[PDB]
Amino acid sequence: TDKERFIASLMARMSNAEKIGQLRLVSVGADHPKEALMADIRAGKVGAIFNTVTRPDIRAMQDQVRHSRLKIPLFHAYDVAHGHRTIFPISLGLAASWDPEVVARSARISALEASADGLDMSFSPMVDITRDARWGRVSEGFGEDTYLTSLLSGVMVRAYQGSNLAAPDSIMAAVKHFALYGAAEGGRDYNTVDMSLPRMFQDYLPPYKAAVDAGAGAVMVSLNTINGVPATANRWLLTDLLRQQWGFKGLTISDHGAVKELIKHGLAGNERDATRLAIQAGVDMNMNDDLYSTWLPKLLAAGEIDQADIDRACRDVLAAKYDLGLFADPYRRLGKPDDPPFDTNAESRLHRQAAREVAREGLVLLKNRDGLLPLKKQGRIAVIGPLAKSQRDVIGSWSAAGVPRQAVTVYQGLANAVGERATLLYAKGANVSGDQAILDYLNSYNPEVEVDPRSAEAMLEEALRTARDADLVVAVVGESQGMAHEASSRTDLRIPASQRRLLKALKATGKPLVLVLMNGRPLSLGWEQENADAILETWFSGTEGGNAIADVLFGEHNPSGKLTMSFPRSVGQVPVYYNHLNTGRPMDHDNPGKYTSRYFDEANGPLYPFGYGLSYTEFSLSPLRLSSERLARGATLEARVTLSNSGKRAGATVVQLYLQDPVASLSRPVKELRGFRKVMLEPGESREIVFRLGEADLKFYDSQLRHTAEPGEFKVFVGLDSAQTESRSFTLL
C-alpha cells in the first residue's frame, strides 16, 4: 500500500525525539505559553494542537512546521460536541428527535463549520450510556438505550468524516469516552466504574464498537477505572478488545492529564511508571501532561519499553495525518495564501435555518392540560424566570465556538413570533439558585450566571405583578448550563429551590402556567406535573433555540420529541431505566404486594418513561401482526402495524419496536428497543409500518460471553412509548 510505504519511509528518517514528538497533544495556555509552544513545533516536539480554532491561528501554527527538520504537519482538534459556531441542541436533545437524518444534519454542518475554520478533528461523538441522571455529562450523550446510542454513534461518525477524510468539509471523529465513563458510581464525575462483563458487552460497549465500525479515525480513552483498572492503563480494553477483537486501525488519544493521573489511581508511584503503563496498554497520544516527551526516552534507554511501543504510537499519528490529507496539502482546510481576511463570526458563515429546523425536532411536550398549547398570538404574555433571557444557557455545555450574543433566547423567540400582536412582559422572578455557594461555583472561572442583587422576596413581588398583568405565564426555568457540565454532579434532580419558590408563588395568580424547561439532565418534576398547565422540555436547544421553542408554543411545529432517558420521580430512585430485569418478585399492579421489588415511601416507576412525549394531535396503532408464529434460523420476521393521526393537526410521532426474551440462560430485560420509525401524518392519514427482525436482533451475551440467539419464545412490543405497548409472540427454531 502507498500509505504504509509512505509512512515507513518517513519513520525511517525520524529520530526517537521526533517519533515521541508526534505523540504530544497540547493547547495554548498557562501550562504551554504560545512562544514556547511555537519553538516546540519548530523542534518537531508537537504532534497536534487542541483549542486553537480560527483560520489565522491554525495557519500560524502550521507555518511553524515549515521551520522543523521533517515538516510533519500538525492536526488541530476541538470539542465540536453539538455544533461549532452554529450551536445545535445538546446531544440529549438531538437524540429526542428519534431521527438519524436530523442528527446526521447537525454533525454534517458542525464538520463543515469546524473544517471551514481549519480544524481537522472533533473530540466527538460522546457515546457513553447513561442510566444515572446525577452525572453532569448526561447532556453530552444520547440517553440510556444501547440500540439508539449505537445507531446515532455510527450516524455522527459517518456525518463528520463524509466519504473522504481528506475533504476540506470533513473532520476526523475521535469517539469518547472509551469506556463506561457514564456508569460513574454515585454519578460523581471521574468515579469508579464496576460492572459484570455480560452487562459491559450487551449494554455499555456497543456504541464505541458502532463508531469503530463506521470508520472513526480516533478513540479518546476515558478517565475512569474499569473493574479497578484505569482505562488509560487497561491493555485488555485498548489492545485485546479495541485492536485485536474489534480490529480498530486508528489513533488512541488520552484524556486531559490521564497518564499522570495513573499515580492518583494508585497504578504508578511516579511519572516514569505511569508513562510506561499508558504506552504499553495502547495509548498513542498524550494530552497536556507531557509525560511521554519527559519519560519515553529514559524508558527506552533502560529497556523498560520496546522501540515497537514508540513505533506503533507514531505510525498511528502519521496514519491519521495521512488520511486527513495533510501530507498532500497541510493547508487544505486553511484556503490559499492570498485569500482575503474575513470575520470568523460573520452572520454569513452561520446555518441558522438548519439549527432552527433541527432544534424543533428534539422538543418534548410532557404535559398539556385542556389544550392550553398551542398559544394564540394575542393579549398579554408574562415571560418569567432566570432562563427566559439567558443567551449563555440556551447554547448549553460544550458550546465550542458558539457566541452567546448570536443566540436567540426564549424571550426573543416569543418577541420575534408575536411581533405587535401581543404584549410580552418580562420578570426575572428568581436567580438560577438561592444558594450563594452554588452561584459562586457557577461563576468561579467566568461570569456564567447573572446574580440579581434584589432580595428573593423583591424578585417574587415583581414576578407576581407581571403575572397579574398578563393573560398567561410562560415560566422559563431549570438548570444553567454549568449545572449539567463536566464535574457538575447533582445530589438533587429538582428544579433549583429559588425557581420552585417562584413557580409556587405564580400559581397564586390563577393564570395559566406554561413551563419551558432548560436542563442538561433528567429532572424530578412531580410538583410541576401536578401543578403546571403545560410542560415543554427544551434541553439546551442551541443558537436558534428560542425560535424553535416559539415555533412549538405557537403551533408552527407539532411537538414530536420523545425522551431517550427515563425521568426519575426523585434522586432516591436512581437508577431508573426502561430495560431493567424483572427480578424474582416484580411489582404486580393487578395484585400489588408488599414483598415485591419497590420503594414504600414514593410511587414506583419513572415519572416519564423512555420513549414518552405528547402531541397537539392524537395517534392510534392497529393490532400488531407478525409474518409467522415460527422463525427459521437465517430468515427475517416482519412486524406490521398501521399508525393513524386520529386528531385535528398534522404531526409526527415515533413508533417504537421492543423485544423481550422471556426464557434465557441469563435473566434478560423486560424490554429492549430493536427498531423505530418517526412518521409525519396529516389529520385522518394512515401509514403501514413494517419492521424486519433477524437472528442479529435476538442475540445476547450469556454468562460465558457467547453472543448467541437461543431458540424459544420472543415477545414483540410496538407502541408510541416504552410503557404503552401491544405485544405478539413468535418462536425461534
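In case it trips you up, residue 1 is the first one in the sequence shown, and so on.
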Avg C-alpha B-factor, entry values, 646-654 vs 575-583, higher side is 646-654
Stretch with higher mean Cα temperature factor, 18-26 vs 720-728, is 720-728
In this crystal structure's PDB entry, the residue among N446, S498, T225, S524 with the greatest CA B factor is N446
The residue of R494, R630, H177, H265 with the maximal C-alpha B-factor according to the PDB record is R630
Quick tally, chain-level thirds of C-alpha B-factors: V46 sits in the middle
Of the three thirds of Cα B-factor ranks in this chain, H82 occupies the lowest
Entry-reported C-alpha B-factor of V474 relative to its chain, by third, is lowest
On the chain's distribution of Cα B-factors, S560 falls within the third called middle
Tertile call for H76 (CA temperature factor, within chain, third-based) is the lowest
